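Remember, it's 1-based here, ligands and their atoms both numbered in the order they're listed. All residue numbers in this chain count up from 1 along the given sequence. These numbers come from the heavy atoms of this one structure, side chains and all, not from hydrogens, waters or symmetry mates.
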Amino acid sequence: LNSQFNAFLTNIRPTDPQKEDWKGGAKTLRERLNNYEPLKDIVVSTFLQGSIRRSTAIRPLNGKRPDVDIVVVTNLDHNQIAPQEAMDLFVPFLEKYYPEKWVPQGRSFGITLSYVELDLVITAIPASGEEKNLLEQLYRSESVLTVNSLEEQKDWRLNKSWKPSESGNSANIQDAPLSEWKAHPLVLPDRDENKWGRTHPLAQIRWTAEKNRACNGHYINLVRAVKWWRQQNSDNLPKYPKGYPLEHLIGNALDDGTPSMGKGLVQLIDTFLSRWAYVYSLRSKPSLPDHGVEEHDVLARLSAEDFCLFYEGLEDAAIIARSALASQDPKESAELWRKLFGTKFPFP
Ligand SMILES: Nc1nc2c(ncn2[C@@H]2O[C@H](COP(=O)(O)OP(=O)(O)OP(=O)(O)O)[C@@H](O)[C@H]2O)c(=O)[nH]1
Ligand SMILES: Nc1nc2c(ncn2[C@@H]2O[C@H](COP(=O)(O)OP(=O)(O)OP(=O)(O)O)[C@@H](O)[C@H]2O)c(=O)[nH]1
Ligand SMILES: [Mg+2]
Ligand SMILES: [Mg+2]
Ligand SMILES: [Mg+2]
């Protein structure tokens, strides 16, 4: 049935030891930053972001520690201190609590844990005064401070008053109106320069949460499936798009009301081929806006040839996928998927 996709997904998700390591690690990091006295006046919030938070991360090959992105929200005035000087403020904290285990990775700090690799970006709140104070109430809320992932909290709402269900009302509290957060993203260091850029991790999480529910929980699992395909055919595929550029392209192609993984995949693949045919013939790339900062093109760093090589790769995958979804021979159908996904996709 559709159970073959459930076993395959449990095989590509990060393992429970990694899961328990990034939950306690982020919790231990959050308490340390809040209690640390030279940073007891600056740290506003420490929360999990990224594919770990959005349940779009696949387990790495060869037992390498998965990348777990973490945001430290500060109350610093980003107009009076540059990101290097803001990251320099956390150097003593790192030496004391995470000695010989951290490293400055330019835009972010890397913390090597037992099973995971923490990726920390120091961020500041653009707002000020009573407007800043209302945003800090959101970053100190259970909505943001939750260490559970989107697959575990399908009812997740972006709201300072929202509490998670106890599986038995603050849980019924809906997403905060866009006027409170949509145009108020955080700022982080540039990948290369000593200048603040703009990021909106919460908005990306809220779009992913809404898109997941609209696709009957299949959206995050389809992103994991395609990321797995991209890793198992990496020798026939170009180095980009990978990671969030790839995930964003799947959230664009996949349509609302997805009934099954089998029907979800070919649909998003067919739509990727139909939608970008006019852009691929001109040997060009699309310009998709980010769910967080709308004035940002998620594919800004993707080369135009890179995307057209990927478009060619999806066409090769499309032949297998359509055969496997239409094949009614269980010996041929389950074999067909494994040509796309490798051995981790199991038989009936
Ligand atoms: N809008 C936008 N956000 C990005 C982009 N790259 C990274 N991000 C954000 O930064 C977060 C972490 O970056 P990465 O760890 O490099 O991307 P990732 O997909 O989470 O990495 P893995 O899942 O571990 O493979 C992502 O979840 C995004 O929210 C980008 O190109 N555009
Ligand atoms: N929270 C978070 N956001 C990220 C991360 N990495 C990238 N982003 C967001 O994704 C956008 C694209 O990231 P990059 O590809 O590194 O772009 P950049 O070189 O840093 O800056 P520009 O190219 O000038 O926009 C950034 O503007 C960030 O807002 C991350 O690790 N954490
Ligand atoms: Mg990541
Ligand atoms: Mg990262
Ligand atoms: Mg840059």
What residue and heavy atom of the protein are closest to [atom], and at what distance?
atom: atom 31 (O) of ligand 2; value: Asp69 OD1, 3.8 Å
atom: atom 21 (O) of ligand 2; value: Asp190 OD1, 2.8 Å
atom: atom 9 (C) of ligand 2; value: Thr199 OG1, 4.0 Å
atom: atom 8 (N) of ligand 2; value: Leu188 CD2, 4.2 Å

(Q) So for atom NZ, which belongs to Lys19, do other residues, nucleotides or ligands contribute more than 12 heavy atoms lying within a distance under 6.0 Å? (A) no

### Task
Please confirm whether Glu193 comes under 4.0 Å of ligand 2, counting heavy atoms of the residue only.
no

Item to complete: May I ask whether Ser108 places a heavy atom under 4.0 Å from ligand 2?
Response: no

The option among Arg107, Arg198, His200, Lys195 carrying the non-hydrogen atom nearest to atom 14 (P) of ligand 2 is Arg107

Among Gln49, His296, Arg191, closest by heavy atom to atom 20 (O) of ligand 2 is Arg191

If we number the atoms of ligand 2 from 1 as shown, the ones under 4.0 Å from a heavy atom of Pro201 are 1 (N)

Only residue of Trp228, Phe5, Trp229 satisfying ring pair (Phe, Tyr, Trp, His ring centres under 6.0 Å) with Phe345 is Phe5

Angle subtended at the Mg ion (ligand 4) by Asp69 OD1 and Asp67 OD2, to the nearest 10 degrees, is 100°

Closer than 4.0 Å: a protein non-hydrogen atom to atom 12 (C) of ligand 2: no

Ignoring hydrogens and angles, state whether a donor on the side chain of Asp119 or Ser108 is under 3.5 Å from an acceptor on the partner side chain.
yes

Review point. With distance as the sole criterion, is a donor-acceptor pair present between the side chains of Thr271 and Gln267 under 3.5 Å?
Key: yes

So side-chain hydrogen bond (donor to acceptor under 3.5 Å, both in side chains) across residues 213-223, not counting sequence neighbours, yields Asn221-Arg224

Are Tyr280 and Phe307 close enough that their ring centers fall under 6.0 Å?
no

Residues passing the ring pair (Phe, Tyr, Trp, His ring centres under 6.0 Å) test with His184, sequence neighbours excluded, are none

